[PDB]
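*Asks:* I'm passing along coords31.txt; it holds compact mmCIF, N, CA, C and O atoms.
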# COMPACT_ATOMS: atom_id res chain seq x y z
N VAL A 1 96.05 42.00 182.41
CA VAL A 1 97.29 42.33 181.67
C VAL A 1 98.12 43.38 182.41
O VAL A 1 99.25 43.66 182.01
N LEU A 2 97.57 43.96 183.46
CA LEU A 2 98.31 44.99 184.18
C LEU A 2 98.56 44.62 185.64
O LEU A 2 97.99 45.21 186.55
N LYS A 3 99.36 43.58 185.83
CA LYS A 3 100.07 43.38 187.09
C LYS A 3 101.46 43.92 186.84
O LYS A 3 102.02 44.69 187.62
N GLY A 4 102.01 43.48 185.71
CA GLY A 4 103.05 44.20 185.04
C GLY A 4 103.28 43.66 183.68
O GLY A 4 102.55 42.82 183.16
N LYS A 5 104.35 44.15 183.16
CA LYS A 5 104.72 44.02 181.80
C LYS A 5 106.19 44.14 181.80
O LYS A 5 106.85 43.61 182.66
N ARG A 6 106.67 44.80 180.84
CA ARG A 6 108.09 44.93 180.73
C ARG A 6 108.35 46.40 180.93
O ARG A 6 107.41 47.21 180.84
N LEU A 7 109.53 46.75 181.36
CA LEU A 7 109.70 48.05 181.92
C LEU A 7 111.05 48.69 181.61
O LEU A 7 111.87 48.12 180.88
N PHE A 8 111.27 49.88 182.16
CA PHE A 8 112.53 50.60 181.94
C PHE A 8 113.25 50.80 183.27
O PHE A 8 112.85 51.64 184.08
N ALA A 9 114.29 50.03 183.53
CA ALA A 9 114.97 50.16 184.82
C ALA A 9 116.26 50.94 184.71
O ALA A 9 116.99 50.83 183.71
N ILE A 10 116.55 51.73 185.73
CA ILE A 10 117.78 52.49 185.79
C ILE A 10 118.65 51.96 186.92
O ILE A 10 118.44 52.28 188.08
N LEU A 11 119.62 51.14 186.58
CA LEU A 11 120.40 50.48 187.60
C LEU A 11 121.63 51.31 187.91
O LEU A 11 122.37 51.70 187.00
N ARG A 12 121.85 51.59 189.18
CA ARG A 12 122.99 52.43 189.56
C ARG A 12 123.75 51.88 190.77
O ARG A 12 123.13 51.51 191.77
N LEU A 13 125.09 51.80 190.66
CA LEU A 13 125.92 51.54 191.80
C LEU A 13 125.60 52.55 192.87
O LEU A 13 125.36 53.73 192.60
N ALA A 14 125.62 52.06 194.07
CA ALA A 14 125.34 52.88 195.25
C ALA A 14 126.34 54.02 195.38
O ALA A 14 126.04 55.07 195.94
N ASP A 15 127.54 53.82 194.82
CA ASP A 15 128.58 54.85 194.83
C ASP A 15 128.15 56.04 193.98
O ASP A 15 128.59 57.17 194.20
N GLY A 16 127.28 55.79 193.02
CA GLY A 16 126.98 56.79 192.02
C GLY A 16 127.52 56.35 190.67
O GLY A 16 127.58 57.12 189.72
N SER A 17 127.93 55.09 190.63
CA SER A 17 128.46 54.49 189.42
C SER A 17 127.35 53.70 188.72
O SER A 17 126.16 53.91 189.00
N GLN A 18 127.72 52.79 187.85
CA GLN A 18 126.75 52.10 187.02
C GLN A 18 127.04 50.64 186.86
O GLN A 18 128.18 50.25 186.62
N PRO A 19 126.01 49.81 187.00
CA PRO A 19 125.99 48.58 186.26
C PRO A 19 125.61 49.00 184.86
O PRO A 19 124.47 49.34 184.58
N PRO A 20 126.59 49.03 183.98
CA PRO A 20 126.49 49.75 182.74
C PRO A 20 126.13 48.82 181.59
O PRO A 20 125.66 47.72 181.83
N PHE A 21 126.33 49.27 180.36
CA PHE A 21 125.87 48.54 179.18
C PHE A 21 126.28 47.06 179.23
O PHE A 21 127.46 46.72 179.13
N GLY A 22 125.28 46.19 179.41
CA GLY A 22 125.51 44.77 179.45
C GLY A 22 125.26 44.24 180.83
O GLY A 22 125.48 43.06 181.09
N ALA A 23 124.83 45.13 181.71
CA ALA A 23 124.49 44.74 183.06
C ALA A 23 123.30 43.81 183.04
O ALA A 23 122.15 44.25 182.91
N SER A 24 123.62 42.54 183.06
CA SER A 24 122.67 41.46 183.19
C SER A 24 122.03 41.48 184.57
O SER A 24 122.66 41.12 185.55
N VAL A 25 120.78 41.91 184.64
CA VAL A 25 120.06 41.86 185.89
C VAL A 25 119.11 40.65 185.90
O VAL A 25 118.13 40.57 185.11
N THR A 26 119.45 39.71 186.78
CA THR A 26 118.68 38.48 186.95
C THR A 26 118.82 38.03 188.39
O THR A 26 119.93 37.94 188.89
N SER A 27 117.70 37.77 189.06
CA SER A 27 117.78 37.42 190.47
C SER A 27 118.57 36.12 190.63
O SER A 27 118.87 35.45 189.65
N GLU A 28 118.90 35.74 191.86
CA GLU A 28 119.68 34.53 192.07
C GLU A 28 118.89 33.27 191.71
O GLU A 28 119.44 32.17 191.68
N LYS A 29 117.61 33.42 191.42
CA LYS A 29 116.81 32.31 190.91
C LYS A 29 116.80 32.34 189.38
O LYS A 29 116.41 31.38 188.72
N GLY A 30 117.23 33.47 188.84
CA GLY A 30 117.27 33.63 187.41
C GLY A 30 116.09 34.42 186.97
O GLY A 30 115.54 34.20 185.89
N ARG A 31 115.66 35.32 187.85
CA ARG A 31 114.62 36.23 187.48
C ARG A 31 115.24 37.24 186.55
O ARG A 31 115.78 38.25 186.99
N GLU A 32 115.22 36.94 185.27
CA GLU A 32 115.94 37.73 184.32
C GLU A 32 115.10 38.90 183.87
O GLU A 32 114.26 38.77 182.96
N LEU A 33 115.29 40.02 184.52
CA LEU A 33 114.52 41.20 184.20
C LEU A 33 115.11 41.89 182.98
O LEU A 33 114.36 42.39 182.16
N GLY A 34 116.44 41.92 182.84
CA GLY A 34 116.99 42.53 181.63
C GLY A 34 118.48 42.79 181.67
O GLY A 34 119.20 42.18 182.44
N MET A 35 118.94 43.71 180.80
CA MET A 35 120.37 44.06 180.64
C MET A 35 120.49 45.49 180.17
O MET A 35 119.72 45.92 179.31
N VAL A 36 121.44 46.23 180.74
CA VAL A 36 121.62 47.62 180.33
C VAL A 36 122.01 47.68 178.86
O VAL A 36 122.91 46.97 178.43
N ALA A 37 121.32 48.49 178.08
CA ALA A 37 121.74 48.69 176.71
C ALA A 37 121.82 50.17 176.39
O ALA A 37 121.22 50.63 175.41
N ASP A 38 122.60 50.87 177.22
CA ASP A 38 122.94 52.30 177.06
C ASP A 38 123.12 52.90 178.45
O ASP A 38 122.21 52.84 179.27
N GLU A 39 124.30 53.45 178.70
CA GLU A 39 124.64 54.02 180.00
C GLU A 39 124.38 53.01 181.12
O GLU A 39 125.16 52.08 181.33
N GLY A 40 123.26 53.20 181.83
CA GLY A 40 122.89 52.31 182.91
C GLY A 40 121.41 52.00 182.87
O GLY A 40 120.78 51.76 183.90
N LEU A 41 120.85 52.03 181.67
CA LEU A 41 119.44 51.77 181.47
C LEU A 41 119.24 50.36 180.92
O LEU A 41 119.62 50.08 179.78
N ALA A 42 118.67 49.49 181.72
CA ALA A 42 118.34 48.16 181.23
C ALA A 42 116.86 48.09 180.92
O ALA A 42 116.03 48.44 181.76
N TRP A 43 116.54 47.68 179.71
CA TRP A 43 115.16 47.51 179.31
C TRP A 43 114.62 46.25 179.93
O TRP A 43 114.73 45.17 179.35
N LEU A 44 114.08 46.36 181.11
CA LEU A 44 113.72 45.15 181.79
C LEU A 44 112.37 44.67 181.32
O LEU A 44 111.72 45.31 180.49
N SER A 45 111.97 43.54 181.83
CA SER A 45 110.70 42.98 181.48
C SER A 45 110.06 42.42 182.74
O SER A 45 110.23 41.25 183.06
N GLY A 46 109.37 43.29 183.46
CA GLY A 46 108.62 42.83 184.62
C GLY A 46 109.45 42.51 185.84
O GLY A 46 109.63 41.35 186.18
N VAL A 47 109.90 43.55 186.53
CA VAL A 47 110.61 43.34 187.78
C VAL A 47 109.62 43.11 188.92
O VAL A 47 108.63 43.84 189.02
N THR A 48 109.85 42.11 189.75
CA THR A 48 108.95 41.85 190.86
C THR A 48 109.36 42.71 192.06
O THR A 48 110.52 42.71 192.45
N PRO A 49 108.42 43.46 192.64
CA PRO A 49 108.69 44.28 193.82
C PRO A 49 109.05 43.43 195.04
O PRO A 49 108.23 42.65 195.53
N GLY A 50 110.28 43.57 195.52
CA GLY A 50 110.69 42.81 196.68
C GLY A 50 111.69 41.71 196.35
O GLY A 50 111.66 40.64 196.94
N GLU A 51 112.58 41.99 195.41
CA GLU A 51 113.51 40.94 194.98
C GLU A 51 114.94 41.29 195.27
O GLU A 51 115.25 42.39 195.74
N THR A 52 115.81 40.35 194.96
CA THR A 52 117.21 40.63 194.96
C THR A 52 117.84 40.21 193.62
O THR A 52 118.20 39.06 193.39
N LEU A 53 117.88 41.18 192.71
CA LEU A 53 118.50 41.03 191.41
C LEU A 53 119.96 40.66 191.52
O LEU A 53 120.58 40.92 192.54
N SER A 54 120.50 40.09 190.46
CA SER A 54 121.93 39.92 190.36
C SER A 54 122.43 40.55 189.08
O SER A 54 121.96 40.19 188.00
N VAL A 55 123.34 41.51 189.20
CA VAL A 55 123.75 42.31 188.06
C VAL A 55 125.18 41.97 187.62
O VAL A 55 126.14 42.08 188.40
N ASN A 56 125.29 41.57 186.35
CA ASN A 56 126.52 41.02 185.81
C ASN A 56 126.99 41.81 184.59
O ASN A 56 126.21 42.08 183.69
N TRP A 57 128.27 42.17 184.53
CA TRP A 57 128.76 42.75 183.28
C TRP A 57 130.24 42.40 183.00
O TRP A 57 130.63 41.26 183.18
N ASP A 58 131.01 43.34 182.45
CA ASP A 58 132.48 43.22 182.37
C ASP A 58 133.04 42.58 183.62
O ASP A 58 133.62 41.49 183.56
N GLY A 59 132.87 43.23 184.78
CA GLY A 59 133.33 42.62 186.02
C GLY A 59 132.34 41.60 186.51
O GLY A 59 132.51 40.98 187.57
N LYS A 60 131.28 41.46 185.73
CA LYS A 60 130.26 40.44 185.93
C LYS A 60 129.35 40.74 187.07
O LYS A 60 128.92 41.88 187.25
N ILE A 61 129.02 39.72 187.80
CA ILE A 61 128.06 39.91 188.85
C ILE A 61 128.79 40.56 189.99
O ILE A 61 129.60 39.94 190.69
N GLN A 62 128.64 41.86 190.06
CA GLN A 62 129.41 42.59 191.02
C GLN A 62 128.51 43.29 192.00
O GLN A 62 128.77 43.31 193.21
N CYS A 63 127.45 43.86 191.48
CA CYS A 63 126.42 44.41 192.33
C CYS A 63 125.14 43.67 192.07
O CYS A 63 124.98 43.01 191.04
N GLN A 64 124.26 43.74 193.02
CA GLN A 64 122.99 43.11 192.86
C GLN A 64 121.94 44.12 193.13
O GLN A 64 122.21 45.11 193.82
N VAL A 65 120.77 43.92 192.61
CA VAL A 65 119.86 45.00 192.77
C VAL A 65 118.79 44.69 193.78
O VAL A 65 118.17 43.64 193.75
N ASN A 66 118.59 45.62 194.68
CA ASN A 66 117.54 45.44 195.65
C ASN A 66 116.23 46.02 195.13
O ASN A 66 116.10 47.23 194.99
N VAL A 67 115.28 45.14 194.83
CA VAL A 67 114.01 45.59 194.28
C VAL A 67 113.00 45.81 195.39
O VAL A 67 112.61 44.87 196.07
N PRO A 68 112.59 47.08 195.58
CA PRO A 68 111.59 47.48 196.56
C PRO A 68 110.17 47.26 196.05
O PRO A 68 109.97 46.93 194.88
N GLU A 69 109.19 47.45 196.92
CA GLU A 69 107.80 47.20 196.58
C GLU A 69 107.24 48.26 195.63
O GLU A 69 106.13 48.13 195.13
N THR A 70 108.02 49.30 195.38
CA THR A 70 107.57 50.38 194.52
C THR A 70 107.81 50.08 193.03
O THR A 70 107.80 50.98 192.19
N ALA A 71 108.02 48.80 192.70
CA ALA A 71 108.21 48.41 191.31
C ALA A 71 106.94 48.64 190.50
O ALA A 71 105.84 48.63 191.05
N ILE A 72 107.09 48.86 189.20
CA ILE A 72 105.95 49.22 188.38
C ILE A 72 106.11 48.68 186.95
O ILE A 72 107.18 48.21 186.57
N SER A 73 105.03 48.73 186.18
CA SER A 73 105.00 48.16 184.84
C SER A 73 105.16 49.22 183.77
O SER A 73 104.63 50.33 183.91
N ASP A 74 105.87 48.87 182.68
CA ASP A 74 106.00 49.76 181.50
C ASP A 74 106.46 51.18 181.85
O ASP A 74 106.22 52.11 181.08
N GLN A 75 107.13 51.36 182.98
CA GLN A 75 107.61 52.69 183.35
C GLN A 75 109.05 52.61 183.83
O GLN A 75 109.61 51.52 183.96
N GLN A 76 109.65 53.77 184.07
CA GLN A 76 111.03 53.82 184.52
C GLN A 76 111.10 53.69 186.03
O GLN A 76 110.26 54.23 186.75
N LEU A 77 112.11 52.98 186.51
CA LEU A 77 112.32 52.84 187.93
C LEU A 77 113.80 52.65 188.18
O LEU A 77 114.39 51.67 187.71
N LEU A 78 114.41 53.58 188.87
CA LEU A 78 115.81 53.42 189.15
C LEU A 78 115.99 52.52 190.37
O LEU A 78 115.20 52.57 191.31
N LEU A 79 117.00 51.67 190.33
CA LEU A 79 117.18 50.66 191.35
C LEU A 79 118.61 50.63 191.89
O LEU A 79 119.58 50.91 191.15
N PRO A 80 118.75 50.29 193.18
CA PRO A 80 120.04 50.21 193.87
C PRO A 80 120.84 48.96 193.51
O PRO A 80 120.47 47.83 193.86
N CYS A 81 121.91 49.20 192.78
CA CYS A 81 122.91 48.21 192.45
C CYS A 81 123.99 48.25 193.52
O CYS A 81 124.91 49.07 193.50
N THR A 82 123.81 47.39 194.51
CA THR A 82 124.67 47.35 195.68
C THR A 82 125.73 46.27 195.52
O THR A 82 125.40 45.12 195.23
N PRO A 83 127.01 46.63 195.67
CA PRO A 83 128.12 45.68 195.59
C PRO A 83 128.02 44.60 196.66
O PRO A 83 127.50 44.84 197.75
N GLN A 84 128.50 43.41 196.34
CA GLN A 84 128.49 42.29 197.28
C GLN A 84 129.41 42.57 198.46
O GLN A 84 129.17 42.11 199.57
N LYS A 85 130.47 43.32 198.20
CA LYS A 85 131.40 43.71 199.24
C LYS A 85 131.24 45.20 199.57
O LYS A 85 130.59 45.51 200.58
Show me this structure written as C-alpha cells.

*Replies:*
Amino acid sequence: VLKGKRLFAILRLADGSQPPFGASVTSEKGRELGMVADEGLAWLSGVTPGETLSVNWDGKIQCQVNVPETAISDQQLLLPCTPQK
C-alpha cells in the first residue's frame, strides 16, 4: 500500500507565479494527479517520480510540471510549473 497514495502538491510557475486554483495537473497521457483547490495547492493523488505533468486552468494548459524522482506519497511536494514558451 506504500508505493504511493494520494498527496499534496504545490505547483508553482517558474517565475514565482502559480498554476492556481483549478490548475488541472495531468500528464500528456492523462496522468491526472489533481487540481489546485486553494492558492497553488493541488490535492494530488499519486504523482509518479519522473513525469511531465500538464497544468491547465483559466489560461488552461500553460505550464506543465516536471516531476522529479523525489516524488512521495501522502506528503507535500512542490513542483516546477514550467511554461511551454

*Asks:* Check the smallest atom-to-atom distance from each of A:16, A:22, A:49, A:83 to residue 62 (chain A) using all atoms listed in the file, then report the winner.

*Replies:*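 Closest residue, counting all atoms listed in the file: A:83.
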
*Asks:* Which of chain A end up as strand (DSSP E or B) when DSSP is run on this backbone - answer as a CSV table (one decimal) with N, CA, C and O atoms, keeping the file's coordinate frame?

*Replies:*
chain,number,residue,atom,x,y,z
A,8,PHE,N,111.3,49.9,182.2
A,8,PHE,CA,112.5,50.6,181.9
A,8,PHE,C,113.2,50.8,183.3
A,8,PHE,O,112.8,51.6,184.1
A,9,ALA,N,114.3,50.0,183.5
A,9,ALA,CA,115.0,50.2,184.8
A,9,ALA,C,116.3,50.9,184.7
A,9,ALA,O,117.0,50.8,183.7
A,10,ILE,N,116.6,51.7,185.7
A,10,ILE,CA,117.8,52.5,185.8
A,10,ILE,C,118.6,52.0,186.9
A,10,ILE,O,118.4,52.3,188.1
A,11,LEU,N,119.6,51.1,186.6
A,11,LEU,CA,120.4,50.5,187.6
A,11,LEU,C,121.6,51.3,187.9
A,11,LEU,O,122.4,51.7,187.0
A,12,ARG,N,121.8,51.6,189.2
A,12,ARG,CA,123.0,52.4,189.6
A,12,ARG,C,123.8,51.9,190.8
A,12,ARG,O,123.1,51.5,191.8
A,13,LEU,N,125.1,51.8,190.7
A,13,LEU,CA,125.9,51.5,191.8
A,13,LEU,C,125.6,52.6,192.9
A,13,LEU,O,125.4,53.7,192.6
A,24,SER,N,123.6,42.5,183.1
A,24,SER,CA,122.7,41.5,183.2
A,24,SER,C,122.0,41.5,184.6
A,24,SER,O,122.7,41.1,185.6
A,25,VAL,N,120.8,41.9,184.6
A,25,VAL,CA,120.1,41.9,185.9
A,25,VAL,C,119.1,40.6,185.9
A,25,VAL,O,118.1,40.6,185.1
A,26,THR,N,119.4,39.7,186.8
A,26,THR,CA,118.7,38.5,187.0
A,26,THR,C,118.8,38.0,188.4
A,26,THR,O,119.9,37.9,188.9
A,32,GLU,N,115.2,36.9,185.3
A,32,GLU,CA,115.9,37.7,184.3
A,32,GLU,C,115.1,38.9,183.9
A,32,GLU,O,114.3,38.8,183.0
A,33,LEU,N,115.3,40.0,184.5
A,33,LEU,CA,114.5,41.2,184.2
A,33,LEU,C,115.1,41.9,183.0
A,33,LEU,O,114.4,42.4,182.2
A,34,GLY,N,116.4,41.9,182.8
A,34,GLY,CA,117.0,42.5,181.6
A,34,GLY,C,118.5,42.8,181.7
A,34,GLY,O,119.2,42.2,182.4
A,35,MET,N,118.9,43.7,180.8
A,35,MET,CA,120.4,44.1,180.6
A,35,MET,C,120.5,45.5,180.2
A,35,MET,O,119.7,45.9,179.3
A,36,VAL,N,121.4,46.2,180.7
A,36,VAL,CA,121.6,47.6,180.3
A,36,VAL,C,122.0,47.7,178.9
A,36,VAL,O,122.9,47.0,178.4
A,41,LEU,N,120.8,52.0,181.7
A,41,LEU,CA,119.4,51.8,181.5
A,41,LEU,C,119.2,50.4,180.9
A,41,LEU,O,119.6,50.1,179.8
A,42,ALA,N,118.7,49.5,181.7
A,42,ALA,CA,118.3,48.2,181.2
A,42,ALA,C,116.9,48.1,180.9
A,42,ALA,O,116.0,48.4,181.8
A,51,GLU,N,112.6,42.0,195.4
A,51,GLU,CA,113.5,40.9,195.0
A,51,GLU,C,114.9,41.3,195.3
A,51,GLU,O,115.2,42.4,195.7
A,52,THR,N,115.8,40.4,195.0
A,52,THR,CA,117.2,40.6,195.0
A,52,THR,C,117.8,40.2,193.6
A,52,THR,O,118.2,39.1,193.4
A,55,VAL,N,123.3,41.5,189.2
A,55,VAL,CA,123.8,42.3,188.1
A,55,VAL,C,125.2,42.0,187.6
A,55,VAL,O,126.1,42.1,188.4
A,56,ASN,N,125.3,41.6,186.4
A,56,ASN,CA,126.5,41.0,185.8
A,56,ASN,C,127.0,41.8,184.6
A,56,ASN,O,126.2,42.1,183.7
A,63,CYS,N,127.4,43.9,191.5
A,63,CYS,CA,126.4,44.4,192.3
A,63,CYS,C,125.1,43.7,192.1
A,63,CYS,O,125.0,43.0,191.0
A,64,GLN,N,124.3,43.7,193.0
A,64,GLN,CA,123.0,43.1,192.9
A,64,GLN,C,121.9,44.1,193.1
A,64,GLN,O,122.2,45.1,193.8
A,65,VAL,N,120.8,43.9,192.6
A,65,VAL,CA,119.9,45.0,192.8
A,65,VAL,C,118.8,44.7,193.8
A,65,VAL,O,118.2,43.6,193.8
A,66,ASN,N,118.6,45.6,194.7
A,66,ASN,CA,117.5,45.4,195.6
A,66,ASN,C,116.2,46.0,195.1
A,66,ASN,O,116.1,47.2,195.0
A,67,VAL,N,115.3,45.1,194.8
A,67,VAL,CA,114.0,45.6,194.3
A,67,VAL,C,113.0,45.8,195.4
A,67,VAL,O,112.6,44.9,196.1
A,76,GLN,N,109.6,53.8,184.1
A,76,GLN,CA,111.0,53.8,184.5
A,76,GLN,C,111.1,53.7,186.0
A,76,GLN,O,110.3,54.2,186.8
A,77,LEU,N,112.1,53.0,186.5
A,77,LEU,CA,112.3,52.8,187.9
A,77,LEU,C,113.8,52.6,188.2
A,77,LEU,O,114.4,51.7,187.7
A,78,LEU,N,114.4,53.6,188.9
A,78,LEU,CA,115.8,53.4,189.2
A,78,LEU,C,116.0,52.5,190.4
A,78,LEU,O,115.2,52.6,191.3
A,79,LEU,N,117.0,51.7,190.3
A,79,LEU,CA,117.2,50.7,191.4
A,79,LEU,C,118.6,50.6,191.9
A,79,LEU,O,119.6,50.9,191.2
A,80,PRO,N,118.8,50.3,193.2
A,80,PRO,CA,120.0,50.2,193.9
A,80,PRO,C,120.8,49.0,193.5
A,80,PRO,O,120.5,47.8,193.9
A,81,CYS,N,121.9,49.2,192.8
A,81,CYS,CA,122.9,48.2,192.4
A,81,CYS,C,124.0,48.2,193.5
A,81,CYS,O,124.9,49.1,193.5
A,82,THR,N,123.8,47.4,194.5
A,82,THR,CA,124.7,47.4,195.7
A,82,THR,C,125.7,46.3,195.5
A,82,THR,O,125.4,45.1,195.2
A,83,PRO,N,127.0,46.6,195.7
A,83,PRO,CA,128.1,45.7,195.6
A,83,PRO,C,128.0,44.6,196.7
A,83,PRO,O,127.5,44.8,197.8

*Asks:* Residues at most 6 Å from residue 34 (chain A), counting all atoms listed in the file, excluding those fewer than 2 positions away in the same chain, as a ChimeraX atom specification?

*Replies:* /A:23-26,31-32,36,42-45

*Asks:* Smallest atom-to-atom distance to residue 53 (chain A): which of A:39, A:69, A:28, A:74, using all atoms listed in the file?

*Replies:*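 Of A:39, A:69, A:28, A:74, the one nearest residue 53 (chain A) is A:28, counting all atoms listed in the file.
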
*Asks:* Would you mind telling me which residue in A:5, A:61, A:41, A:30 lies nearest to residue 77 (chain A) when using only C-alpha atoms?

*Replies:*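 Using only C-alpha atoms, the shortest distance to residue 77 (chain A) belongs to A:41.
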
*Asks:* When you draw a straight line from CA of residue 72 (chain A) to CA of residue 85 (chain A), how long is it in Å?

*Replies:*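 Between CA of residue 72 (chain A) and CA of residue 85 (chain A) the gap works out to 28.2 Å.
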
*Asks:* Measuring between all atoms listed in the file, which one of A:60, A:38, A:51, A:33 shows the shortest distance to residue 11 (chain A)?

*Replies:* A:38

*Asks:* Compile the contact shell of residue 70 (chain A) as a list in words: residues with an atom at most 8 Å away, counting all atoms listed in the file, same-chain residues fewer than 5 positions apart removed.

*Replies:*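 Skipping anything fewer than 5 positions along the chain leaves residues 47, 48, 49, 50, 76, 77 and 78 of chain A.
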
*Asks:* Please write the residues from the selection above to a file, keeping N, CA, C and O atoms, as a short mmCIF file (atom, residue, chain, number, x, y, z; two decimals), keeping the file's coordinate frame.

*Replies:*
data_model
loop_
_atom_site.label_atom_id
_atom_site.label_comp_id
_atom_site.auth_asym_id
_atom_site.auth_seq_id
_atom_site.Cartn_x
_atom_site.Cartn_y
_atom_site.Cartn_z
N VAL A 47 109.90 43.55 186.53
CA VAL A 47 110.61 43.34 187.78
C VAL A 47 109.62 43.11 188.92
O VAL A 47 108.63 43.84 189.02
N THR A 48 109.85 42.11 189.75
CA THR A 48 108.95 41.85 190.86
C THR A 48 109.36 42.71 192.06
O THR A 48 110.52 42.71 192.45
N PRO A 49 108.42 43.46 192.64
CA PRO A 49 108.69 44.28 193.82
C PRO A 49 109.05 43.43 195.04
O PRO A 49 108.23 42.65 195.53
N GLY A 50 110.28 43.57 195.52
CA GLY A 50 110.69 42.81 196.68
C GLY A 50 111.69 41.71 196.35
O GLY A 50 111.66 40.64 196.94
N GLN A 76 109.65 53.77 184.07
CA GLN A 76 111.03 53.82 184.52
C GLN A 76 111.10 53.69 186.03
O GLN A 76 110.26 54.23 186.75
N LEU A 77 112.11 52.98 186.51
CA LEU A 77 112.32 52.84 187.93
C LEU A 77 113.80 52.65 188.18
O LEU A 77 114.39 51.67 187.71
N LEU A 78 114.41 53.58 188.87
CA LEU A 78 115.81 53.42 189.15
C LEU A 78 115.99 52.52 190.37
O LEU A 78 115.20 52.57 191.31
#

*Asks:* Which one is closest to residue 37 (chain A): A:65, A:2, A:10, A:79? Count only C-alpha atoms.

*Replies:* A:10

*Asks:* For CA of residue 27 (chain A) and CA of residue 75 (chain A), quote the distance in Å rounded to one decimal.

*Replies:*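 Here the two named atoms are 19.7 Å from each other.
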
*Asks:* When you count only C-alpha atoms, which of these residues is closest to residue 12 (chain A): A:73, A:46, A:84, A:66?

*Replies:* A:66

*Asks:* Rounded to one decimal in Å, what is the spacing between CA of residue 21 (chain A) and CA of residue 35 (chain A)?

*Replies:*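 CA of residue 21 (chain A) sits 7.2 Å away from CA of residue 35 (chain A).
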